[PDB]
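Values below: all heavy atoms of this structure, side chains included; hydrogens, waters and symmetry mates excluded. Each chain gets a letter, A, B and so on, in the order its sequence line appears, and its residues count up from 1.
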Amino acid sequence: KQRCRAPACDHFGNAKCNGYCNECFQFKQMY
Amino acid sequence: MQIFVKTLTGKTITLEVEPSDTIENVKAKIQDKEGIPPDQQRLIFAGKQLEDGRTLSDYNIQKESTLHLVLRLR
Ligand SMILES: [K+]
Ligand SMILES: [Zn+2]
C-alpha cells in the first residue's frame, strides 16, 4: 500500500498506473 | 518575482508573479503555460491547500518558493 507518485497527492498509487493513482494517471495522459 | 510549481510528473515550471497576485491569478498563469483549467488545479504550499481569493503575500509565498500542483477532476 503505497502513496501516489505525484507530488503532494495523498491517494494510493497502483501498479497498473505505474505508481500513480488512477486520477493522476488519467491527468498524466491528458497532459 | 519568480516562483516554482512542481507538477504531477515531477516537472517544475517557473511563473512570474507579484506578491499581490491571487491564487486565482496563479492558476490562470498555469492554465496559460500548461493548458490546465483552473477548476482542476489544487495548489499546495507548506502542506496546506491554497484558496483562490487570497494572495501569495497572504500565504507568505516569497520569491523562489516552490508550490505543488495537484490535479483533481471536478
Ligand atoms: K505523493
Ligand atoms: Zn495521485
Side-chain angles (χ1 to χ4, degrees), chain A residues 1-15 17-31, chain B residues 1-17 21-47 49-56 58-74:
Chain A
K1 259 218 284 166
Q2 228 178 140
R3 295 305 164 138
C4 179
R5 260 212 271 165
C9 176
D10 293 332
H11 288 345
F12 296 99
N14 64 84
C17 284
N18 298 311
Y20 286 96
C21 69
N22 298 297
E23 196 160 1
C24 286
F25 191 81
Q26 173 174 342
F27 277 107
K28 170 168 183 179
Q29 310 308 278
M30 299 163 64
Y31 301 95
Chain B
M1 63 189 189
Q2 189 178 68
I3 58 175
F4 308 122
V5 179
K6 186 185 238 298
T7 68
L8 185 153
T9 62
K11 181 168 126 224
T12 297
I13 59 166
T14 63
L15 295 177
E16 246 95 277
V17 299
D21 277 336
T22 55
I23 299 307
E24 171 175 72
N25 291 336
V26 180
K27 296 182 181 175
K29 296 177 187 299
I30 291 171
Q31 177 179 35
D32 287 357
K33 271 189 119 191
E34 296 297 309
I36 306 159
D39 72 9
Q40 303 178 317
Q41 302 185 29
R42 312 280 181 278
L43 286 169
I44 308 312
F45 183 64
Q49 217 176 263
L50 306 182
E51 304 181 356
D52 301 321
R54 285 167 204 277
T55 62
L56 296 174
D58 290 337
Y59 283 116
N60 193 13
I61 291 158
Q62 309 296 326
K63 126 195 199 177
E64 297 181 315
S65 299
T66 299
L67 307 190
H68 289 355
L69 173 62
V70 180
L71 302 180
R72 287 298 184 249
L73 307 160
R74 290 88 53 151

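- No option in A/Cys4, A/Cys24, A/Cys9 other than A/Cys24 meets the side chain to side chain contact (heavy atoms under 4.5 Å, CB included) test with B/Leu8.
- Atom CD of A/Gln2 has 12 or fewer neighbouring heavy atoms from other residues, nucleotides or ligands inside a 6.0 Å radius.
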Take A/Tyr31 and B/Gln40, measure what side chain to side chain contact (heavy atoms under 4.5 Å, CB included) needs, and give me the verdict at the end. CA-CA 12 Å; A/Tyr31 301 95; B/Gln40 303 178 317; 4.1 Å; yes
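- Here the straight-line distance linking atom OG1 of B/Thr9 with atom OH of A/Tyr20 works out to 5.5 Å at 0.5 Å rounding.
- By a heavy-atom distance cut of under 4.5 Å, B/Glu34, B/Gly35, B/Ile36 are the residues of residues 23-36 of chain B near chain A, going up by number.
- No more than 12 heavy atoms of other residues, nucleotides or ligands shown are found within 6.0 angstrom of CZ on B/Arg54.
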Can you give each donor-acceptor pair under 3.5 Å made by side-chain atoms of residues 67-74 of chain B, sequence neighbours left out, with the distance rounded to 0.1 Å?
residue	atom	partner	partner atom	Å
B/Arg72	NH2	A/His11	NE2	3.4

